[PDB]
Amino acid sequence: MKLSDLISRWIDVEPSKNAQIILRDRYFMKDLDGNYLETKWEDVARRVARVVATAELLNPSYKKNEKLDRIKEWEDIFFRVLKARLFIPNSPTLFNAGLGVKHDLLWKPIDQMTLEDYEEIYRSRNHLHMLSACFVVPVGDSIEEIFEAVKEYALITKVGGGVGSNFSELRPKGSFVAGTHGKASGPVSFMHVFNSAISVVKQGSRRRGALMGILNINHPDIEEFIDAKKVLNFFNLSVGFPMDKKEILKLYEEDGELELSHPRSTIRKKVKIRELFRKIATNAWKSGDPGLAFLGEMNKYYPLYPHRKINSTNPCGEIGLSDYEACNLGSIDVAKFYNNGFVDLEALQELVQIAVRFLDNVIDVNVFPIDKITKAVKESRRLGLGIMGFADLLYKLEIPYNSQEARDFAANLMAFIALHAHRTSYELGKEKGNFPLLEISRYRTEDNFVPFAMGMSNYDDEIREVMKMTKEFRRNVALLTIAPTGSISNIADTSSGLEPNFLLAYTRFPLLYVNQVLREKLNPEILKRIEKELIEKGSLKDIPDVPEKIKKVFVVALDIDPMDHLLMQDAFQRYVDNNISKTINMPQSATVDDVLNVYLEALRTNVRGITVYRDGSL
Amino acid sequence: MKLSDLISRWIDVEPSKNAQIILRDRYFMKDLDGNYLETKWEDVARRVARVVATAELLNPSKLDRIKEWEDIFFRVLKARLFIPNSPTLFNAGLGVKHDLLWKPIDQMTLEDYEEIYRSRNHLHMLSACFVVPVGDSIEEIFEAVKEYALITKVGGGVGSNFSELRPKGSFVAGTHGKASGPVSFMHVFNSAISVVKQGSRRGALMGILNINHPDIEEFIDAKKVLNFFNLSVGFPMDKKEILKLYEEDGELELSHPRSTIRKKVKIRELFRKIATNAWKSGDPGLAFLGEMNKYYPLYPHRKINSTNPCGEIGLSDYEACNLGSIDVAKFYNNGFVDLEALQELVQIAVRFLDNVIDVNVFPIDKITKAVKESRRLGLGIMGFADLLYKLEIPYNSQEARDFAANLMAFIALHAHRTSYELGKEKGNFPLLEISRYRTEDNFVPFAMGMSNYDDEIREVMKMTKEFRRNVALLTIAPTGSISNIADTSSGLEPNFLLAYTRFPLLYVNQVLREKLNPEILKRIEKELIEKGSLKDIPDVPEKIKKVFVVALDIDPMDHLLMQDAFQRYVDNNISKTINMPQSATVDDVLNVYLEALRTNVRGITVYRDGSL
Ligand code: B12
Ligand code: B12
Ligand SMILES: Cc1cn([C@H]2C[C@H](O)[C@@H](COP(=O)(O)OP(=O)(O)OP(=O)(O)O)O2)c(=O)[nH]c1=O
Ligand SMILES: Cc1cn([C@H]2C[C@H](O)[C@@H](COP(=O)(O)OP(=O)(O)OP(=O)(O)O)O2)c(=O)[nH]c1=O
Ligand SMILES: Nc1nc2c(ncn2[C@@H]2O[C@H](COP(=O)(O)OP(=O)(O)O)[C@@H](O)[C@H]2O)c(=O)[nH]1
Ligand SMILES: Nc1nc2c(ncn2[C@@H]2O[C@H](COP(=O)(O)OP(=O)(O)O)[C@@H](O)[C@H]2O)c(=O)[nH]1
Ligand SMILES: C[C@H]1O[C@@H](n2cnc3c(N)ncnc32)[C@H](O)[C@@H]1O
Ligand SMILES: C[C@H]1O[C@@H](n2cnc3c(N)ncnc32)[C@H](O)[C@@H]1O
Ligand SMILES: [Mg+2]
Ligand SMILES: [Mg+2]
């Protein structure tokens, strides 16, 4: 069906009470006095649609004598899609769109807008008008560069972004410092200063996982890094693997040794790569940290490598970024695309096109806190279009999350989105101009470059064809990711990202959720009966008088074994040009050897990173 | 006896084994390979002398002249008559080719000196102490954090007043949130220095919060963490007003311009809070900022907000100070202070310090500007208590305090005189014209009132209206390290002990050795070392007991008044610890604070014996 008619099915479905609570708390805009300027999700949709549509002022293919009509049409489409909650951008977009703008412009009826209204909106965006989820900054091996980075952590966090850094440039603890004949404190000690800095800045104010800290596997302090949180409470930590995944797996299988060294230290040491891995798995087994960041694999698919290089991800790992780049994210709720036993691909393709344009327009009205960021964003125009609602979609389709059927369905779904997002990038590049670095990227300098592995869909040949087309026109260096969508999946009343539902029924602080699809497919008699058990046990698995058919479809995270989590991640990653946020859930009974096996399997698959969490470990 | 003869009696006197340990530890220059470039104290005087005499290149009033100054610098340095703050000893010559810094002087060409001047690197930081502003924004706060790290890297201390930071809980418009407050941000500064060192840092920082800041009470209790900070309470108002409010049992309004947070508190209760904390742990101190500006020649165009970590210098934003001290114990001669020799060395010292500026490389450009615009110097003394010993003058006496004020007045006179000459010879400091030396008749940068020297000083300040090289010239620093180098007592402080064991070689005060009969010392020593004093020890000549007093023999008020005597003739501030007996109460501490408001002291630090 047409997207316009799908919109009609959803646009007047009101957010749940839980959703409305979240909206009131953090998203509805207020004046300096704490009075609400917005009271309904509708208000947010109008404000955000209007600010992002304003980007069309800059569109060189519109004559001035048509800009108003064209801008208005885009506000209209952005508004309807947002109000329907078919696509929602990353939280900072919702928070900060319209900061600096006269309040009598942000919500006025669209039929009353003038060209001058849109220009006033565009001109009055203030320095807090920061619409991206996160960033990566370099940390150079000097007191000067380190405290400059600390300053940037502070500035970025203030306006609401998260930040990642690879700290491997910092020379090992005890290395010679020529200026003082002294000893270097090493990356880990310095990370404590970054943590301390963030402790006094809020947005505010819950800042859990606001930072990413990576140290490479061959750094002389890697063993200390691995043991760091066992404070650094605002960091997520990952071990960086800049070499090819194949080379590290071969080294493990051969029981080889890794040379730990640094180009500005005499500190050198050899460690058994198996012992190192076991130390990593042992810590992950206990606490869930550190994760693994396959940087080499990110660079294999980075269209600007080696001119530019990915050294770090953002805090939740889903985007590998070069220095001073940002996360520009937004997600489609694919559960709203279910139609009588299938996914409405006609409506989905239209929304993919609209969503790419929306995210790309966000760049134009984004205001960054640092000059170098503005430059790096404009030069590559990297986007992060993702999905949520995936687990709920499978519930509707009656497909077990832990099945090859689901993984085949995922790869094909994702290949379809990638195809149409990249085709849109081509179109936008023809319309508005290519990303300035296109001419030096592998889309132009190389034959048959494709920014992901593929190999699991009937769309591959069509994808190859479009990638060839983008040699000539391309708006964006990359377009896709799958984010946690922790807050925005709640606003959308759907399951988060690509993850299975963690629980079918639970109480949060104090109303109880019950999965909506479960309510529609399970006999209302049986439900009222088993609701008690379900909440206590956290699964349908071992409940009598529950049809085997629904037990199979309605699996939760811990019903699904780790390899099925990992293989789902691989199925998606084959058709994503950035990365993916995915927790590999493991049962309490899991061993350190079990964790090692996940790592080894990960190395053979196409994933670009790994996070595991053992139930009960924390 | 004239400076030349005095140098002859000292120039060939080697540093003690004790002092030699300090020098081989961290003063002798090494390769990046770790090898010794310098092995004896004289090798140090050669480098430093030659580098500072390079400044004469800039002298608009030329190879014979530079060499001249290097010689006189060298001789006074080698004889340990005068010594610059440690960073000058550490960092002089950094970046300069080793073939230039030591080779025989008669082998020096003009080519050579110009090369030294050109090749001074970014580590060539020759000053002890800095002050930097911390503005009320995340941007300014973290720019200041970076500044702390950069200054600490090159070997400097740094101080700030954190009063501009709005109080904990205040509104932040940019986030609609709540401010963390000054004390929370100070923790970030502390963490920063935690990972930075010039070789390995106690009291590297000064943190001041003003008495009327709404978080003043949290700040007073801040340390009970911030291990690299010394803390002081700031009094930007006149000492008179606070004494008044205290005597009237008045109330102080706590407020901040960027907060709606405000509060009334009894001023006596705030003082008692301070005293109790000080009584427990020696912090925080009092900084009478208003009194510093009172004598600040550039007030209010520029304004003193903070001191360095030891408090002896009141600095406006981004200023530094290069200190150097004269060992007065070496000027003892036949029951007199050799005013002839001492005078020559003062002129030389002022020139030396003023030259250090020209060859100094600062880590930040706003600092280079501040230093070059005012040319503030900090010339001081060490060996004072040992001088009293030689003069057989009890430290805790009116004779001591009168002698002290006279010594200092004398130094003050000749220092400000030489600043007139150098101002004539090299040009005035750029802000002369807007300073009170020109804009008001009868401005004097200290209180005086304790010497017959005052009248001439009043005249020399007047001639200063036309020619003056430096905005102010004098300080008394702790001289912790340089006094041990000079084998003498530190700063203006009485000796803390007459006998202690350096490991297992014993030491007894070099001068006590001469006045006392060796036979008595052999017996006495045992008890002296356990009691840390001679006042109760049986069969010690009364005149010996009263002359060779140590810090704890001298009561709180006599320490304070000694600080007053010196301060009347110091245009900057003074480092002085007011020691108190272990049996002191919080009330005794309060009385010291109240007395200090009545004297001319610009700051106060107290330490109760055995509190830590
Ligand atoms: C998004 C997210 C995050 C983000 C949240 C910020 C963001 N970028 O959106 C960040 C990066 C903070 C994060 C971190 C971690 N998370 Co998480 N996270 C999620 C996720 C996907 C959504 C949560 C959410 O926003 N819900 C909606 C909001 C509106 O409700 P909320 O009540 O305000 O949510 C808050 C809490 O969930 C909290 N939180 C997030 N993760 C965790 C983990 C633990 C152990 C705790 C106590 C709290 C907590 O942060 C939220 C506010 O930002 C859920 C999965 C799920 N089923 O919900 C997990 C989930 C709670 N996380 C989990 C885990 C294990 C972790 C980590 C231990 C992973 C790691 N590598 O270390 C860390 C813990 C860090 C710490 N200091 O404790 C598990 C915990 C399982 C369990 N049995 O408790 C979950 C269920 C994912 C999973 N599939 O297992 N997470
Ligand atoms: C200079 C100095 C300082 C400097 C040292 C660096 C510098 N500016 O060069 C600073 C600012 C760090 C300082 C601080 C304090 N000091 Co102090 N300091 C001195 C002084 C004048 C010189 C000693 C020295 O360096 N000797 C030569 C060097 C080469 O040998 P050293 O053994 O390596 O010296 C080190 C120790 O003395 C140490 N140190 C300095 N002060 C203190 C205080 C205590 C309690 C301890 C354990 C160590 C210590 O720092 C030196 C190296 O930098 C002496 C007075 C004296 N007559 O010696 C005191 C002295 C040791 N300090 C004293 C006191 C009380 C303090 C403070 C508590 C005061 C305060 N306001 O907080 C603090 C303690 C801070 C802390 N973290 O413990 C008293 C201690 C009395 C006692 N019963 O032990 C002394 C004896 C001075 C006095 N007038 O009473 N001090
Ligand atoms: C100066 C200094 C550096 N470091 C660390 C921070 C950086 O990781 C690293 C380099 O610091 P730098 O600031 O580059 O020190 P430097 O330039 O004087 O010395 P070099 O020529 O050897 O670079 O050493 C400390 O841990 N403590 C210190 O005091
Ligand atoms: C942003 C932020 C500021 N602050 C403090 C730092 C400064 O002391 C003070 C000002 O911060 P600023 O960074 O200057 O805040 P702002 O400009 O966005 O808001 P305003 O106009 O109200 O100044 O608040 C916090 O404590 N936490 C924070 O998260
Ligand atoms: N500073 C900060 N950044 C965050 C936080 N949560 C998320 N981010 C950024 O947003 C990314 C993904 O969060 P996600 O759950 O998908 O976004 P959401 O649904 O808008 O909350 C993280 O990797 C960070 O880059 C936070 O609590 N603090
Ligand atoms: N960073 C730093 N600064 C210091 C240190 N010791 C002294 N200073 C600075 O020098 C001033 C007094 O030092 P002083 O002991 O008189 O000089 P020294 O004998 O040469 O070490 C203090 O106010 C500080 O500003 C130190 O250990 N670290
Ligand atoms: C629960 C959420 O926490 C994020 N998360 C936590 N730690 C890491 C990490 N080290 N690397 C990548 N993502 C992480 C996951 O991406 C997941 O979505
Ligand atoms: C031992 C040395 O410590 C310095 N010192 C320690 N703390 C302070 C302070 N808070 N204010 C001024 N000086 C201080 C004293 O000036 C003394 O000279
Ligand atoms: Mg460097
Ligand atoms: Mg501000």
Side-chain angles (χ1 to χ4, degrees), chain A residues 1 3 6 81 85-88 318 329-356 383-425 450-464 466 478-485 489 492 494-501 517 553 555 560 564-582 605-607:
Chain A
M1 90 180 84
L3 171 58
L6 179 54
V81 158
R85 295 172 301 147
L86 306 175
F87 160 84
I88 304 184
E318 77 269 34
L329 319 177
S331 296
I332 292 174
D333 177 15
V334 292
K336 297 188 178 85
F337 284 81
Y338 170 79
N339 197 14
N340 276 96
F342 306 86
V343 186
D344 187 335
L345 289 182
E346 167 183 14
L348 183 55
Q349 166 184 353
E350 304 182 55
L351 180 60
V352 169
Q353 296 168 188
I354 289 161
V356 164
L383 309 185
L385 177 65
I387 70 176
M388 44 194 179
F390 180 69
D392 280 350
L393 179 52
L394 301 181
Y395 284 175
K396 289 173 181 183
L397 294 170
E398 277 165 11
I399 300 174
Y401 189 105
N402 53 343
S403 68
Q404 193 62 52
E405 179 189 0
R407 295 189 293 274
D408 284 354
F409 175 86
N412 249 130
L413 180 59
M414 200 57 242
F416 174 93
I417 297 170
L419 176 65
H420 295 288
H422 274 84
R423 195 181 291 170
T424 305
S425 203
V450 182
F452 38 62
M454 298 202 302
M456 215 171 142
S457 177
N458 297 124
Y459 290 106
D460 290 6
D461 291 323
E462 222 177 320
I463 296 180
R464 289 191 237 268
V466 67
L479 288 107
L480 307 147
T481 192
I482 306 183
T485 69
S489 73
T494 195
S495 64
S496 77
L498 53 28
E499 297 282 7
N501 287 290
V517 191
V553 174
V555 285
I560 300 159
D564 293 349
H565 284 280
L566 176 65
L567 291 178
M568 186 65 78
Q569 180 183 168
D570 166 87
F572 277 95
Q573 184 65 76
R574 289 165 179 270
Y575 299 98
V576 174
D577 48 12
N578 299 295
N579 312 324
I580 288 176
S581 121
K582 178 83 188 70
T605 65
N606 290 284
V607 299

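Note on naming: letters A, B, ... go to the chains in the order of the sequence lines (proteins, then strands), and numbering restarts at 1 for each one. Note that these values count all heavy atoms, side chains included, but never hydrogens, waters or copies made by symmetry.
- Inter-residue side-chain proximity for A/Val555 and A/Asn402 is flagged as met; some heavy-atom pair is nearer than 4.5 Å.
- No side-chain donor-acceptor contact under 3.5 Å links A/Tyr395 to the backbone of A/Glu398.
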Walk me through it: do A/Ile354 and A/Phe87 pass the test side chain to side chain contact (heavy atoms under 4.5 Å, CB included)?
CA-CA 9 Å; A/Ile354 289 161; A/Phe87 160 84; over 6 Å; no

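- From A/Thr494, atom OG1 reaches atom CD1 of A/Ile332 across 12.5 Å, with rounding to the nearest 0.5 Å.
- Shortest non-hydrogen contact noted between A/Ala335 and A/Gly389 is CB-O, 3.4 Å.
- Panel note: side chain A/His420, backbone A/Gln353; no donor-acceptor pair is recorded below 3.5 Å.
- The aromatic ring centres of A/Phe390 and A/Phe572 sit less than 6.0 Å apart.
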Test side-chain hydrogen bond (donor to acceptor under 3.5 Å, both in side chains) applied to A/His422 and A/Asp577, step by step:
CA-CA 10 Å; A/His422 274 84; A/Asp577 48 12; 3.2 Å; yes

As a quick check of understanding, evaluate side chain to side chain contact (heavy atoms under 4.5 Å, CB included) for A/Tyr459 and A/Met454, giving each step before the final call.
CA-CA 9 Å; A/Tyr459 290 106; A/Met454 298 202 302; over 6 Å; no

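- Distance alone, capped at 3.5 Å, is enough to place a donor-acceptor pair between the A/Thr485 side chain and the A/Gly497 backbone.
- The CD1 atom of A/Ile387 sits 9.0 Å away from the CG atom of A/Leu348 when rounded to the nearest 0.5 Å.
- Between A/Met414 and A/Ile482, the closest side-chain pair of non-hydrogen atoms falls below 4.5 Å.
- Remark: A/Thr424 OG1 to A/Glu350 CD distance equals 11.5 Å, nearest 0.5 Å.
- Without hydrogens or angle criteria, A/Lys396 side chain to A/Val517 main chain gives no donor-acceptor distance under 3.5 Å.
- A distance-only check finds no donor-acceptor pair linking the side chain of A/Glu318 to the backbone of A/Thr481 [under 3.5 Å].
- Contacts of A/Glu462 classified as salt bridge (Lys or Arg N to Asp or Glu O under 4.0 Å), with partners at least two apart in sequence or in another chain: A/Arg423.
- A/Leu329 has its side chain out of reach of A/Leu383: every pair of non-hydrogen atoms, C-beta onward, lies at least 4.5 Å apart.
- Taken to the nearest 0.5 Å, the CG atom of A/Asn412 stands 9.0 Å off from the CG atom of A/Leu345.
- Side-chain N or O atoms of A/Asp344 include one that pairs as donor or acceptor with a backbone N or O of A/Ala347 at under 3.5 Å.
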Go through A/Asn606 and A/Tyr575 one step at a time and tell me if the side-chain hydrogen bond (donor to acceptor under 3.5 Å, both in side chains) criterion holds.
CA-CA 10 Å; A/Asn606 290 284; A/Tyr575 299 98; over 6 Å; no

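- Distance alone, capped at 3.5 Å, is enough to place a donor-acceptor pair between the A/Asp392 side chain and the A/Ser495 backbone.
- When every heavy atom of A/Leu385 is checked against every heavy atom of A/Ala355, the shortest pair comes out as CD1-CB, 3.8 Å.
- In this structure the side chain of A/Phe452 never reaches within 4.5 angstrom of the side chain of A/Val576, judged on heavy atoms.
- In this structure, A/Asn578 contributes its side chain and A/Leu480 its backbone to a donor-acceptor pair below 3.5 Å.
- Taking a cutoff of 4.0 Å between a charged side-chain nitrogen and a carboxylate oxygen, A/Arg407 and A/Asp564 qualify as a salt bridge.
- Using a distance-only test at 3.5 Å, with no hydrogens or angles considered, no donor-acceptor pair links the side chain of A/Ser457 to the main chain of A/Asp460.
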Is there a side chain to side chain contact (heavy atoms under 4.5 Å, CB included) between A/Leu393 and A/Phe409 once you walk through the steps?
CA-CA 11 Å; A/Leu393 179 52; A/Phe409 175 86; 3.8 Å; yes

Should A/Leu3 and A/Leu86 be marked as a side chain to side chain contact (heavy atoms under 4.5 Å, CB included) after you check the CA-CA gap, both sets of side-chain angles, and the distance that decides it?
CA-CA 10 Å; A/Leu3 171 58; A/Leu86 306 175; 3.8 Å; yes

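- When each of A/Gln573, A/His565, A/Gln569 is tested with A/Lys582 by the rule side-chain hydrogen bond (donor to acceptor under 3.5 Å, both in side chains), just one qualifies, namely A/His565.
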